[PDB]
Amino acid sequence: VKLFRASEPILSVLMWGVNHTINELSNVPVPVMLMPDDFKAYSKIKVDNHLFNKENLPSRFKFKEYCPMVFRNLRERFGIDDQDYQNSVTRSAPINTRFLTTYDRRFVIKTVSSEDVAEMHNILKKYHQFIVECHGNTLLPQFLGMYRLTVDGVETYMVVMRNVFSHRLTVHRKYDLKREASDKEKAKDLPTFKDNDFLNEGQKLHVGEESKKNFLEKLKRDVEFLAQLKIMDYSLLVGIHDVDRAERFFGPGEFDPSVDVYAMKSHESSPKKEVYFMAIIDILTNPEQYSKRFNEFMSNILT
């Protein structure tokens, strides 16, 4: 029994919406291939409830899902089952209405702009074709579904993505990399440091050669693909989990690589014992040069 209960009506609508569409899809055959129309398709559902089921849900709302066949295929290629995705959004309210995570920390939910949604349609075909070609092995943001909510006459656009960080292992310091950190921001529980703060601290990321080489083999293909699309101004979200600080149950630095898809252990010969998280964020809203600077500045953080 799912009461779509959450801080605000908008989150309840989202939970209702993801639940309803994922169920609807369970009645849609998986096709042998995506067709051009799947990329201009949508589901729209309008709800008008009078004196019914309004304990958590507004009585009136709209929910629109863009290209459900495409995003369901994306979910599959990213190794995510529809029931788990549904459960993570729907079992319990997402937590902190501009940037959320599901209650299990597996997925992130980003409110975006109209033009952002237009940009996603513009790249969706190639993005898909690339996700296929690279067999789901990529540092790119992982687009899991995309939605428009209408509550109280107001439209809100959202994109669901795989959390870059672990959904268990606590992150102890985050670097946004392409410039330094604000003052009011350095006084947060977890500050968002930048390129300089990183090079200042002289931070280092030691990870088995394979991790570095393999990590860069892919980092390159991805960036090369973002340039091929004339995109830029995207950062590399980096998380650091320091094992000792957080130190029947789970173990230290223990994690399930099939879930925490972006996690990398320290080297057999490394200073502190750490788990690192890394992926590309914010690709929605020279650029060929952007890629090469990005690609080099990053390569110079891995030994």
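Counting begins at 1, following the sequence as shown.
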Count class of coordinate-free deposited residues lying between the neighbours residue 247 and residue 248:
10 or more
Where residue 200 meets residue 201 in the shown sequence, the number of deposited residues left unmodelled
none
On average, which has the higher Cα B-factor in the deposited entry, 67 to 75 or 118 to 126?
118 to 126
Averaged over C-alpha atoms, is the B-factor higher for 83 to 91 or for 229 to 237 in this PDB entry?
229 to 237
Per the PDB entry, which option out of 155, 217, 104, 222 has the greatest Cα B factor?
217
Using the entry's values, work out which of 188, 148, 162, 110 has the largest Cα B factor.
188
Among modelled residues of the same chain, the CA temperature factor third for residue 27:
lowest
Ordered by C-alpha B-factor within the chain, which third holds residue 256? Give me lowest, middle or highest, please.
middle
Entry-reported C-alpha B-factor of residue 36 relative to its chain, by third, is middle
Chain-relative C-alpha B factor for residue 269 (record values, thirds): the highest
According to the PDB entry, is the CA B factor of residue 99 in the bottom, middle or top third of its chain, that is, lowest, middle or highest?
middle
